[PDB]
file start-v9.cif (mmCIF, C-alpha atoms and all ligand atoms; chains and numbers go by the auth columns)
data_start
#
loop_
_atom_site.group_PDB
_atom_site.id
_atom_site.type_symbol
_atom_site.label_atom_id
_atom_site.label_comp_id
_atom_site.label_asym_id
_atom_site.label_seq_id
_atom_site.Cartn_x
_atom_site.Cartn_y
_atom_site.Cartn_z
_atom_site.B_iso_or_equiv
_atom_site.auth_seq_id
_atom_site.auth_asym_id
ATOM 1 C CA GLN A 1 7.108 31.340 4.045 0.00 18 N
ATOM 2 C CA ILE A 2 10.842 31.904 3.359 0.00 19 N
ATOM 3 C CA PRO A 3 12.863 28.706 4.115 0.00 20 N
ATOM 4 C CA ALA A 4 14.274 28.442 7.643 0.00 21 N
ATOM 5 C CA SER A 5 17.915 28.021 6.549 0.00 22 N
ATOM 6 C CA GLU A 6 17.648 31.300 4.627 0.00 23 N
ATOM 7 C CA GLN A 7 16.046 32.770 7.774 0.00 24 N
ATOM 8 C CA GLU A 8 19.131 31.529 9.737 0.00 25 N
ATOM 9 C CA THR A 9 21.786 33.112 7.481 0.00 26 N
ATOM 10 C CA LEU A 10 24.446 34.941 9.526 0.00 27 N
ATOM 11 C CA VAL A 11 24.771 38.466 8.140 0.00 28 N
ATOM 12 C CA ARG A 12 26.799 41.625 8.547 0.00 29 N
ATOM 13 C CA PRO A 13 24.827 44.835 7.819 0.00 30 N
ATOM 14 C CA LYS A 14 26.393 47.611 5.774 0.00 31 N
ATOM 15 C CA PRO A 15 26.673 50.976 7.644 0.00 32 N
ATOM 16 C CA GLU A 16 23.248 52.448 6.844 0.00 33 N
ATOM 17 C CA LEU A 17 21.215 49.339 7.810 0.00 34 N
ATOM 18 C CA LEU A 18 23.379 48.899 10.940 0.00 35 N
ATOM 19 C CA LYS A 19 22.482 52.517 11.793 0.00 36 N
ATOM 20 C CA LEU A 20 18.702 51.846 11.558 0.00 37 N
ATOM 21 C CA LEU A 21 19.148 48.601 13.519 0.00 38 N
ATOM 22 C CA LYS A 22 20.999 50.419 16.305 0.00 39 N
ATOM 23 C CA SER A 23 18.358 53.143 16.648 0.00 40 N
ATOM 24 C CA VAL A 24 15.798 50.486 17.686 0.00 41 N
ATOM 25 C CA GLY A 25 17.918 48.765 20.365 0.00 42 N
ATOM 26 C CA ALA A 26 20.365 46.640 18.319 0.00 43 N
ATOM 27 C CA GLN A 27 23.720 46.045 20.037 0.00 44 N
ATOM 28 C CA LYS A 28 25.804 43.800 17.753 0.00 45 N
ATOM 29 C CA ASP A 29 27.685 43.800 14.430 0.00 46 N
ATOM 30 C CA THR A 30 26.541 40.331 13.331 0.00 47 N
ATOM 31 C CA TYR A 31 22.949 39.081 12.989 0.00 48 N
ATOM 32 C CA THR A 32 20.752 36.326 11.574 0.00 49 N
ATOM 33 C CA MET A 33 18.213 37.352 8.885 0.00 50 N
ATOM 34 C CA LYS A 34 15.597 36.753 11.601 0.00 51 N
ATOM 35 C CA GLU A 35 17.098 39.354 13.973 0.00 52 N
ATOM 36 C CA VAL A 36 17.385 41.872 11.128 0.00 53 N
ATOM 37 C CA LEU A 37 13.641 41.396 10.453 0.00 54 N
ATOM 38 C CA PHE A 38 12.616 41.784 14.075 0.00 55 N
ATOM 39 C CA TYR A 39 14.521 45.085 14.367 0.00 56 N
ATOM 40 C CA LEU A 40 13.221 46.452 11.041 0.00 57 N
ATOM 41 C CA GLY A 41 9.731 45.571 12.248 0.00 58 N
ATOM 42 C CA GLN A 42 10.362 47.421 15.505 0.00 59 N
ATOM 43 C CA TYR A 43 11.488 50.471 13.483 0.00 60 N
ATOM 44 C CA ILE A 44 8.276 50.358 11.404 0.00 61 N
ATOM 45 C CA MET A 45 6.154 50.170 14.598 0.00 62 N
ATOM 46 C CA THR A 46 8.052 52.920 16.425 0.00 63 N
ATOM 47 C CA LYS A 47 7.927 55.329 13.499 0.00 64 N
ATOM 48 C CA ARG A 48 4.322 54.379 12.562 0.00 65 N
ATOM 49 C CA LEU A 49 5.152 53.886 8.886 0.00 66 N
ATOM 50 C CA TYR A 50 2.027 51.813 8.169 0.00 67 N
ATOM 51 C CA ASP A 51 -1.303 52.742 6.590 0.00 68 N
ATOM 52 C CA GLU A 52 -3.976 53.229 9.248 0.00 69 N
ATOM 53 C CA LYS A 53 -6.719 51.542 7.144 0.00 70 N
ATOM 54 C CA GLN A 54 -4.686 48.774 5.471 0.00 71 N
ATOM 55 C CA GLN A 55 -1.976 48.041 7.996 0.00 72 N
ATOM 56 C CA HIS A 56 0.069 45.644 5.858 0.00 73 N
ATOM 57 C CA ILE A 57 0.968 48.617 3.640 0.00 74 N
ATOM 58 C CA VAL A 58 4.060 50.612 4.682 0.00 75 N
ATOM 59 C CA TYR A 59 5.089 54.111 3.562 0.00 76 N
ATOM 60 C CA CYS A 60 8.818 54.762 3.727 0.00 77 N
ATOM 61 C CA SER A 61 9.743 57.618 1.309 0.00 78 N
ATOM 62 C CA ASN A 62 12.039 60.419 2.594 0.00 79 N
ATOM 63 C CA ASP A 63 13.143 57.934 5.250 0.00 80 N
ATOM 64 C CA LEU A 64 16.134 55.754 6.080 0.00 81 N
ATOM 65 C CA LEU A 65 14.021 52.690 5.280 0.00 82 N
ATOM 66 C CA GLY A 66 13.222 54.288 1.891 0.00 83 N
ATOM 67 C CA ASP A 67 16.956 54.888 1.302 0.00 84 N
ATOM 68 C CA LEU A 68 17.683 51.221 2.103 0.00 85 N
ATOM 69 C CA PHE A 69 14.792 49.579 0.236 0.00 86 N
ATOM 70 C CA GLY A 70 14.594 51.794 -2.887 0.00 87 N
ATOM 71 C CA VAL A 71 10.781 51.881 -2.894 0.00 88 N
ATOM 72 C CA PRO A 72 8.274 54.446 -1.440 0.00 89 N
ATOM 73 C CA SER A 73 5.721 51.835 -0.291 0.00 90 N
ATOM 74 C CA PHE A 74 5.245 48.052 -0.119 0.00 91 N
ATOM 75 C CA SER A 75 3.091 45.331 1.379 0.00 92 N
ATOM 76 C CA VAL A 76 4.613 43.524 4.385 0.00 93 N
ATOM 77 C CA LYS A 77 3.258 40.194 3.036 0.00 94 N
ATOM 78 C CA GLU A 78 5.608 40.035 0.054 0.00 95 N
ATOM 79 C CA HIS A 79 8.438 38.412 1.952 0.00 96 N
ATOM 80 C CA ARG A 80 10.649 37.500 -1.002 0.00 97 N
ATOM 81 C CA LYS A 81 10.527 41.157 -2.155 0.00 98 N
ATOM 82 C CA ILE A 82 11.515 42.301 1.323 0.00 99 N
ATOM 83 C CA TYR A 83 14.377 39.785 1.543 0.00 100 N
ATOM 84 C CA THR A 84 15.649 40.995 -1.854 0.00 101 N
ATOM 85 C CA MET A 85 15.514 44.628 -0.616 0.00 102 N
ATOM 86 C CA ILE A 86 17.362 43.594 2.596 0.00 103 N
ATOM 87 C CA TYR A 87 20.148 41.616 0.859 0.00 104 N
ATOM 88 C CA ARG A 88 21.335 44.755 -0.964 0.00 105 N
ATOM 89 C CA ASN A 89 22.269 46.277 2.411 0.00 106 N
ATOM 90 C CA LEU A 90 24.419 43.520 3.918 0.00 107 N
ATOM 91 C CA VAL A 91 27.221 40.991 3.602 0.00 108 N
ATOM 92 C CA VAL A 92 26.453 37.299 4.097 0.00 109 N
ATOM 93 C CA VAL A 93 28.938 35.724 6.521 0.00 110 N
HETATM 94 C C1 LIG B . 2.939 47.114 9.671 0.00 1 K
HETATM 95 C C2 LIG B . 4.005 46.152 10.190 0.00 1 K
HETATM 96 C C3 LIG B . 4.823 46.521 11.258 0.00 1 K
HETATM 97 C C4 LIG B . 5.803 45.640 11.727 0.00 1 K
HETATM 98 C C5 LIG B . 5.964 44.393 11.119 0.00 1 K
HETATM 99 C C6 LIG B . 5.157 44.017 10.033 0.00 1 K
HETATM 100 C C7 LIG B . 5.337 42.652 9.412 0.00 1 K
HETATM 101 N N1 LIG B . 4.379 41.858 9.330 0.00 1 K
HETATM 102 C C8 LIG B . 4.820 40.626 8.757 0.00 1 K
HETATM 103 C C9 LIG B . 3.981 39.469 8.467 0.00 1 K
HETATM 104 O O1 LIG B . 4.453 38.514 7.893 0.00 1 K
HETATM 105 O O2 LIG B . 2.702 39.487 8.778 0.00 1 K
HETATM 106 C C10 LIG B . 6.115 40.886 8.532 0.00 1 K
HETATM 107 C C11 LIG B . 7.131 39.920 7.974 0.00 1 K
HETATM 108 C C12 LIG B . 7.348 38.731 8.686 0.00 1 K
HETATM 109 C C13 LIG B . 8.294 37.795 8.265 0.00 1 K
HETATM 110 C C14 LIG B . 9.062 38.072 7.130 0.00 1 K
HETATM 111 C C15 LIG B . 8.848 39.272 6.437 0.00 1 K
HETATM 112 CL CL1 LIG B . 9.773 39.639 5.021 0.00 1 K
HETATM 113 C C16 LIG B . 7.898 40.208 6.851 0.00 1 K
HETATM 114 N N2 LIG B . 6.423 42.085 8.970 0.00 1 K
HETATM 115 C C17 LIG B . 7.660 42.641 8.856 0.00 1 K
HETATM 116 C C18 LIG B . 7.823 43.532 7.764 0.00 1 K
HETATM 117 C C19 LIG B . 9.044 44.176 7.517 0.00 1 K
HETATM 118 CL CL2 LIG B . 9.245 45.268 6.149 0.00 1 K
HETATM 119 C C20 LIG B . 10.121 43.918 8.362 0.00 1 K
HETATM 120 C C21 LIG B . 9.984 43.034 9.443 0.00 1 K
HETATM 121 C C22 LIG B . 8.762 42.383 9.693 0.00 1 K
HETATM 122 C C23 LIG B . 8.694 41.441 10.886 0.00 1 K
HETATM 123 C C24 LIG B . 4.166 44.898 9.589 0.00 1 K
#

call {"tool": "encode", "arguments": {"input": "start-v9.cif", "output": "structure tokens", "more": "lines below"}}
Ligand SMILES: Cc1cccc(-c2nc(C(=O)O)c(-c3cccc(Cl)c3)n2-c2cc(Cl)ccc2C)c1
result
Amino acid sequence: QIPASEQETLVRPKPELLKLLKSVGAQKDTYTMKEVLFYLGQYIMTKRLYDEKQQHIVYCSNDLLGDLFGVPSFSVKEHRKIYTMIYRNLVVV
């Protein structure tokens, strides 16, 4: 969906995103957009933030993810919206 070169962007997470990344096994200061996404996805799976019936819907209010994204819920299919929500929380290198 999102172009591969955008997927390959080297990025440095701001402290709060780094913190969520590191609670799901992350061990570095510098990441590609791809690695950020994997780890955020692992967070969502571990914490079971998805709707049982419609599993592409995520609920993230009163949660670190909520703090980062600025929305209470979203569909995981709207990639451009997710990328926009991610970009707020990092520095492109
Ligand atoms: C319910 C749940 C748990 C874990 C991952 C996902 C899930 N399913 C898909 C998908 O595309 O089908 C995606 C996805 C993949 C590539 C880019 C973007 Cl922006 C999102 N994700 C996904 C969603 C978020 Cl918010 C963060 C990371 C991933 C990997 C959904």

call {"tool": "resolve_selection", "arguments": {"input": "start-v9.cif", "expression": "the PyMOL selection byres (((not hetatm)) within 8 of (chain K and resi 1))", "output": "JSON, numbers by chain"}}
result
{"N": [18, 19, 53, 54, 55, 56, 57, 58, 59, 60, 61, 62, 65, 66, 67, 68, 72, 73, 74, 75, 91, 92, 93, 94, 95, 96, 97, 98, 99, 100]}

call {"tool": "write_last_selection", "arguments": {"input": "start-v9.cif", "atoms": "C-alpha atoms", "output": "PDB file, in the frame of the given file"}}
result
ATOM      1  CA  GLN N  18       7.108  31.340   4.045  1.00  0.00           C
ATOM      2  CA  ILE N  19      10.842  31.904   3.359  1.00  0.00           C
ATOM      3  CA  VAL N  53      17.385  41.872  11.128  1.00  0.00           C
ATOM      4  CA  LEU N  54      13.641  41.396  10.453  1.00  0.00           C
ATOM      5  CA  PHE N  55      12.616  41.784  14.075  1.00  0.00           C
ATOM      6  CA  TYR N  56      14.521  45.085  14.367  1.00  0.00           C
ATOM      7  CA  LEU N  57      13.221  46.452  11.041  1.00  0.00           C
ATOM      8  CA  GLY N  58       9.731  45.571  12.248  1.00  0.00           C
ATOM      9  CA  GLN N  59      10.362  47.421  15.505  1.00  0.00           C
ATOM     10  CA  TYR N  60      11.488  50.471  13.483  1.00  0.00           C
ATOM     11  CA  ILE N  61       8.276  50.358  11.404  1.00  0.00           C
ATOM     12  CA  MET N  62       6.154  50.170  14.598  1.00  0.00           C
ATOM     13  CA  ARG N  65       4.322  54.379  12.562  1.00  0.00           C
ATOM     14  CA  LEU N  66       5.152  53.886   8.886  1.00  0.00           C
ATOM     15  CA  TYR N  67       2.027  51.813   8.169  1.00  0.00           C
ATOM     16  CA  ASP N  68      -1.303  52.742   6.590  1.00  0.00           C
ATOM     17  CA  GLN N  72      -1.976  48.041   7.996  1.00  0.00           C
ATOM     18  CA  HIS N  73       0.069  45.644   5.858  1.00  0.00           C
ATOM     19  CA  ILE N  74       0.968  48.617   3.640  1.00  0.00           C
ATOM     20  CA  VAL N  75       4.060  50.612   4.682  1.00  0.00           C
ATOM     21  CA  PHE N  91       5.245  48.052  -0.119  1.00  0.00           C
ATOM     22  CA  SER N  92       3.091  45.331   1.379  1.00  0.00           C
ATOM     23  CA  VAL N  93       4.613  43.524   4.385  1.00  0.00           C
ATOM     24  CA  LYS N  94       3.258  40.194   3.036  1.00  0.00           C
ATOM     25  CA  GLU N  95       5.608  40.035   0.054  1.00  0.00           C
ATOM     26  CA  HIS N  96       8.438  38.412   1.952  1.00  0.00           C
ATOM     27  CA  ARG N  97      10.649  37.500  -1.002  1.00  0.00           C
ATOM     28  CA  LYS N  98      10.527  41.157  -2.155  1.00  0.00           C
ATOM     29  CA  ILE N  99      11.515  42.301   1.323  1.00  0.00           C
ATOM     30  CA  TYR N 100      14.377  39.785   1.543  1.00  0.00           C
TER      31      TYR N 100
END

call {"tool": "residues_around", "arguments": {"input": "start-v9.cif", "residues": "residue 85 of chain N", "least_positions_apart": "4", "cutoff": "12 Å", "atoms": "all atoms listed in the file", "output": "PyMOL selection string"}}
result
chain N and resi 30-38+57+77-81+89+99-107

call {"tool": "closest_residue", "arguments": {"input": "start-v9.cif", "among": "N:76, N:108, N:88, N:63", "to": "residue 27 of chain N", "atoms": "only C-alpha atoms"}}
result
N:108

call {"tool": "atom_distance", "arguments": {"input": "start-v9.cif", "atom1": "atom CA of residue 45 of chain N", "atom2": "atom CA of residue 64 of chain N"}}
result
21.7 Å

call {"tool": "atom_distance", "arguments": {"input": "start-v9.cif", "atom1": "atom CA of residue 52 of chain N", "atom2": "atom CA of residue 28 of chain N"}}
result
9.7 Å

call {"tool": "atom_distance", "arguments": {"input": "start-v9.cif", "atom1": "atom CA of residue 23 of chain N", "atom2": "atom CA of residue 40 of chain N"}}
result
24.9 Å

call {"tool": "closest_residue", "arguments": {"input": "start-v9.cif", "among": "N:29, N:110, N:71, N:86", "to": "residue 46 of chain N", "atoms": "only C-alpha atoms"}}
result
N:29

call {"tool": "decode", "arguments": {"input": "start-v9.cif", "residues": "segment 68-107 of chain N", "atoms": "N, CA and C atoms", "output": "PDB file, in the first residue's frame"}}
result
ATOM      1  N   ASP N  68     -11.090  -5.337  18.469  1.00  0.00           N
ATOM      2  CA  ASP N  68     -12.462  -5.788  18.614  1.00  0.00           C
ATOM      3  C   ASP N  68     -12.586  -7.253  18.264  1.00  0.00           C
ATOM      4  N   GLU N  69     -13.164  -8.021  19.183  1.00  0.00           N
ATOM      5  CA  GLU N  69     -13.334  -9.466  19.017  1.00  0.00           C
ATOM      6  C   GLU N  69     -14.106  -9.869  17.742  1.00  0.00           C
ATOM      7  N   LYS N  70     -15.192  -9.148  17.452  1.00  0.00           N
ATOM      8  CA  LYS N  70     -16.015  -9.383  16.260  1.00  0.00           C
ATOM      9  C   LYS N  70     -15.346  -8.884  14.980  1.00  0.00           C
ATOM     10  N   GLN N  71     -15.051  -7.588  14.928  1.00  0.00           N
ATOM     11  CA  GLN N  71     -14.364  -6.993  13.779  1.00  0.00           C
ATOM     12  C   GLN N  71     -12.927  -6.684  14.161  1.00  0.00           C
ATOM     13  N   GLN N  72     -12.006  -7.551  13.754  1.00  0.00           N
ATOM     14  CA  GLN N  72     -10.675  -7.563  14.348  1.00  0.00           C
ATOM     15  C   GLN N  72      -9.680  -6.613  13.694  1.00  0.00           C
ATOM     16  N   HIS N  73     -10.160  -5.843  12.726  1.00  0.00           N
ATOM     17  CA  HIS N  73      -9.381  -4.766  12.112  1.00  0.00           C
ATOM     18  C   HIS N  73      -9.614  -3.452  12.854  1.00  0.00           C
ATOM     19  N   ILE N  74     -10.563  -3.456  13.789  1.00  0.00           N
ATOM     20  CA  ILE N  74     -10.834  -2.284  14.620  1.00  0.00           C
ATOM     21  C   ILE N  74     -10.060  -2.393  15.929  1.00  0.00           C
ATOM     22  N   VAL N  75      -9.368  -1.315  16.296  1.00  0.00           N
ATOM     23  CA  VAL N  75      -8.538  -1.281  17.510  1.00  0.00           C
ATOM     24  C   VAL N  75      -9.108  -0.249  18.480  1.00  0.00           C
ATOM     25  N   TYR N  76      -9.114  -0.572  19.774  1.00  0.00           N
ATOM     26  CA  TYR N  76      -9.492   0.400  20.799  1.00  0.00           C
ATOM     27  C   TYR N  76      -8.293   0.736  21.662  1.00  0.00           C
ATOM     28  N   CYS N  77      -7.946   2.017  21.729  1.00  0.00           N
ATOM     29  CA  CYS N  77      -6.701   2.417  22.380  1.00  0.00           C
ATOM     30  C   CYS N  77      -6.794   3.623  23.352  1.00  0.00           C
ATOM     31  N   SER N  78      -8.010   4.001  23.752  1.00  0.00           N
ATOM     32  CA  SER N  78      -8.198   5.073  24.739  1.00  0.00           C
ATOM     33  C   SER N  78      -7.631   4.669  26.111  1.00  0.00           C
ATOM     34  N   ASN N  79      -7.362   5.665  26.959  1.00  0.00           N
ATOM     35  CA  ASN N  79      -6.670   5.465  28.242  1.00  0.00           C
ATOM     36  C   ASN N  79      -5.488   4.492  28.122  1.00  0.00           C
ATOM     37  N   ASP N  80      -4.689   4.687  27.079  1.00  0.00           N
ATOM     38  CA  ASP N  80      -3.582   3.786  26.795  1.00  0.00           C
ATOM     39  C   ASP N  80      -2.461   4.542  26.103  1.00  0.00           C
ATOM     40  N   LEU N  81      -1.233   4.070  26.297  1.00  0.00           N
ATOM     41  CA  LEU N  81      -0.072   4.694  25.682  1.00  0.00           C
ATOM     42  C   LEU N  81      -0.279   4.893  24.187  1.00  0.00           C
ATOM     43  N   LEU N  82      -0.765   3.863  23.500  1.00  0.00           N
ATOM     44  CA  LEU N  82      -1.115   3.995  22.089  1.00  0.00           C
ATOM     45  C   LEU N  82      -2.075   5.165  21.841  1.00  0.00           C
ATOM     46  N   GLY N  83      -3.129   5.261  22.653  1.00  0.00           N
ATOM     47  CA  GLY N  83      -4.048   6.405  22.610  1.00  0.00           C
ATOM     48  C   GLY N  83      -3.350   7.747  22.760  1.00  0.00           C
ATOM     49  N   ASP N  84      -2.460   7.853  23.753  1.00  0.00           N
ATOM     50  CA  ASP N  84      -1.629   9.041  23.971  1.00  0.00           C
ATOM     51  C   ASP N  84      -0.821   9.418  22.730  1.00  0.00           C
ATOM     52  N   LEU N  85      -0.224   8.412  22.088  1.00  0.00           N
ATOM     53  CA  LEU N  85       0.592   8.611  20.889  1.00  0.00           C
ATOM     54  C   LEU N  85      -0.239   9.008  19.666  1.00  0.00           C
ATOM     55  N   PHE N  86      -1.294   8.246  19.403  1.00  0.00           N
ATOM     56  CA  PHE N  86      -2.097   8.418  18.192  1.00  0.00           C
ATOM     57  C   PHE N  86      -3.094   9.589  18.218  1.00  0.00           C
ATOM     58  N   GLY N  87      -3.668   9.881  19.381  1.00  0.00           N
ATOM     59  CA  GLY N  87      -4.627  10.982  19.505  1.00  0.00           C
ATOM     60  C   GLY N  87      -6.057  10.632  19.103  1.00  0.00           C
ATOM     61  N   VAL N  88      -6.309   9.337  18.916  1.00  0.00           N
ATOM     62  CA  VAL N  88      -7.649   8.825  18.633  1.00  0.00           C
ATOM     63  C   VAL N  88      -7.961   7.629  19.552  1.00  0.00           C
ATOM     64  N   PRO N  89      -9.258   7.424  19.881  1.00  0.00           N
ATOM     65  CA  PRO N  89      -9.719   6.335  20.755  1.00  0.00           C
ATOM     66  C   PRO N  89      -9.880   4.972  20.067  1.00  0.00           C
ATOM     67  N   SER N  90     -10.064   4.999  18.746  1.00  0.00           N
ATOM     68  CA  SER N  90     -10.242   3.809  17.926  1.00  0.00           C
ATOM     69  C   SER N  90      -9.867   4.123  16.484  1.00  0.00           C
ATOM     70  N   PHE N  91      -9.563   3.079  15.715  1.00  0.00           N
ATOM     71  CA  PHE N  91      -9.254   3.206  14.289  1.00  0.00           C
ATOM     72  C   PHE N  91      -9.224   1.831  13.645  1.00  0.00           C
ATOM     73  N   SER N  92      -9.426   1.814  12.328  1.00  0.00           N
ATOM     74  CA  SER N  92      -9.245   0.613  11.538  1.00  0.00           C
ATOM     75  C   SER N  92      -7.774   0.462  11.139  1.00  0.00           C
ATOM     76  N   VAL N  93      -7.267  -0.761  11.243  1.00  0.00           N
ATOM     77  CA  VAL N  93      -5.876  -1.081  10.914  1.00  0.00           C
ATOM     78  C   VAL N  93      -5.585  -1.092   9.405  1.00  0.00           C
ATOM     79  N   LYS N  94      -6.620  -0.873   8.591  1.00  0.00           N
ATOM     80  CA  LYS N  94      -6.522  -0.912   7.132  1.00  0.00           C
ATOM     81  C   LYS N  94      -6.202   0.448   6.542  1.00  0.00           C
ATOM     82  N   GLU N  95      -6.389   1.496   7.336  1.00  0.00           N
ATOM     83  CA  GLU N  95      -6.183   2.865   6.881  1.00  0.00           C
ATOM     84  C   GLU N  95      -4.741   3.256   7.173  1.00  0.00           C
ATOM     85  N   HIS N  96      -3.862   2.812   6.279  1.00  0.00           N
ATOM     86  CA  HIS N  96      -2.428   2.833   6.500  1.00  0.00           C
ATOM     87  C   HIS N  96      -1.867   4.253   6.524  1.00  0.00           C
ATOM     88  N   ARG N  97      -2.344   5.086   5.605  1.00  0.00           N
ATOM     89  CA  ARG N  97      -1.930   6.469   5.512  1.00  0.00           C
ATOM     90  C   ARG N  97      -2.285   7.249   6.774  1.00  0.00           C
ATOM     91  N   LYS N  98      -3.408   6.899   7.404  1.00  0.00           N
ATOM     92  CA  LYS N  98      -3.857   7.532   8.655  1.00  0.00           C
ATOM     93  C   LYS N  98      -2.959   7.102   9.816  1.00  0.00           C
ATOM     94  N   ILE N  99      -2.516   5.850   9.762  1.00  0.00           N
ATOM     95  CA  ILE N  99      -1.652   5.295  10.780  1.00  0.00           C
ATOM     96  C   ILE N  99      -0.250   5.881  10.670  1.00  0.00           C
ATOM     97  N   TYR N 100       0.274   5.944   9.451  1.00  0.00           N
ATOM     98  CA  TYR N 100       1.553   6.613   9.179  1.00  0.00           C
ATOM     99  C   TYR N 100       1.589   8.072   9.648  1.00  0.00           C
ATOM    100  N   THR N 101       0.494   8.797   9.414  1.00  0.00           N
ATOM    101  CA  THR N 101       0.370  10.188   9.851  1.00  0.00           C
ATOM    102  C   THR N 101       0.436  10.281  11.387  1.00  0.00           C
ATOM    103  N   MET N 102      -0.325   9.416  12.062  1.00  0.00           N
ATOM    104  CA  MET N 102      -0.312   9.278  13.520  1.00  0.00           C
ATOM    105  C   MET N 102       1.055   8.852  14.096  1.00  0.00           C
ATOM    106  N   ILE N 103       1.803   8.022  13.361  1.00  0.00           N
ATOM    107  CA  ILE N 103       3.161   7.639  13.750  1.00  0.00           C
ATOM    108  C   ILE N 103       4.161   8.793  13.614  1.00  0.00           C
ATOM    109  N   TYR N 104       4.153   9.471  12.467  1.00  0.00           N
ATOM    110  CA  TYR N 104       5.104  10.548  12.185  1.00  0.00           C
ATOM    111  C   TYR N 104       5.178  11.632  13.258  1.00  0.00           C
ATOM    112  N   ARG N 105       4.069  11.883  13.944  1.00  0.00           N
ATOM    113  CA  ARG N 105       4.028  12.878  15.013  1.00  0.00           C
ATOM    114  C   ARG N 105       4.993  12.544  16.165  1.00  0.00           C
ATOM    115  N   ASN N 106       5.312  11.260  16.298  1.00  0.00           N
ATOM    116  CA  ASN N 106       6.010  10.715  17.456  1.00  0.00           C
ATOM    117  C   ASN N 106       7.446  10.318  17.142  1.00  0.00           C
ATOM    118  N   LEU N 107       8.003  10.839  16.050  1.00  0.00           N
ATOM    119  CA  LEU N 107       9.408  10.560  15.747  1.00  0.00           C
ATOM    120  C   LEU N 107      10.126  11.662  14.993  1.00  0.00           C
TER     121      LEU N 107
END
